[PDB]
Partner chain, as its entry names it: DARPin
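What follows is one chain in structure tokens, specifically the form solved without its partner chain.
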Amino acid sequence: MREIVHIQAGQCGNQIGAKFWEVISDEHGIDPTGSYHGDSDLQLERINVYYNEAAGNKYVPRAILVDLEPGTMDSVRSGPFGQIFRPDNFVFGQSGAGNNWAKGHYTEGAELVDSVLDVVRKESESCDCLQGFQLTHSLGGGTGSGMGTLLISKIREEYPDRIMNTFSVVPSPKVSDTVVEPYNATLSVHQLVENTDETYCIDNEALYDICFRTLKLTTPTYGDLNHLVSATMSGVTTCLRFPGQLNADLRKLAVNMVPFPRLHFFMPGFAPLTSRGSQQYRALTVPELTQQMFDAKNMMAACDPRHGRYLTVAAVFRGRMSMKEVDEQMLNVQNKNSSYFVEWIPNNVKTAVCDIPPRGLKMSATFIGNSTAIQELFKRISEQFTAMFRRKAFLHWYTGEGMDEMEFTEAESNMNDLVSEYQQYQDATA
């Protein structure tokens, strides 16, 4: 049966992975010590998707911890839910990329990639029927981006027929957390555009907006952001673990949302999102969820879908509902916004329904969108890249590891081509 291997690299990857594993263990009724303490048989009928079974009812997550520095994973191990992970899955170096893509891809990554691949192969041998890989990292960092691209390259060379999902943290538009962020981002998209089956983009600014304006959170920390990202992660793959009226696994989503191989960048979203006091002021129905899906302010990437046209849309619902209500709602959305969908793809929306809702909620829904508005993000990143590349600023750090300006030119050319394709697919021609 279908099983998923999880990998996380860098600080952002490790933090989001820890939050994701806390969420998953809570959903399946697994205590931090690794012993099942649930109250339903459904939590165990499909537990082999994420967790292995050890001797004595103990459950070991099928996860791999990779970093070039030991600080983040030492924090993860010493913290809660640190004993579930098998200690053999903690692979680390001693140098750290230092926010250098070349260091993590060509100098430091080359030493750890063999060990990471060894752990990956050992985990996959135990799998009965592999469904694919999932990976959490950030594009703006050194080790995250470099090692993530290297690992996807190696695995794609190993298993080309499987399914690759990455949950990347693309750079924000207004405030940047690193000076060399455009360099790493461009060099990472150059590999993602050719080695990944599907990719979900995440913006810290969009997450701050959601936290401040919707959740009414005065002091949002990184824990809340990782909580939201983990909720979306769980919502994406709910159909592999619980029964439902209309099922949809990762391959179905990849078929339904990737019309051309080079356009597999999506904007995720979640619903419902309310504060601690305002949730009593609204009913819990399907149309409110549909309203929250197609809200540009609810998107988890800082791109306005109003500026472009949707290609495909995925709506994954959870809980006891009515299929007629969902279908009429999707029809109303499509007809009433006929100007925001491409004319050459009839029926832009794919629908899935799962019976088991999240713990403590009557219903929930996850939105995934393949909109051409992502071209604006790509264009902005490319513009910053070119502005910083004419003066050759900070270039001697990367060229001191083995890279040359030809790689940078190839990356910028590829990004310009991708932006051109995204723009050209907004033409009616009929």
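Residue numbers count along the first chain shown, from 1.
The discussion below concerns the form deposited with its partner chain bound, not included here.
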So in the deposited complex, does any heavy atom of residue 384 sit within 4.5 Å of its partner chain? yes
### Task
Tell me, yes or no, whether residue 37 is in contact with its partner chain in the deposited complex, where a contact means a heavy atom of each within 4.5 Å.
no
Answer for residue 393 alone: is it within 4.5 Å of its partner chain in the deposited complex, judged on heavy atom distances?
yes
Residue contact check: residue 47 to its partner chain in the deposited complex, 4.5 Å heavy atom = no
* **Site test, 24, 231 and 235 vs its partner chain in the deposited complex, non-hydrogen atom cutoff 4.5 Å** => no
Within 153-180, the residues having any heavy atom within 4.5 Å of its partner chain in the deposited complex are 173, 174, 177, 179
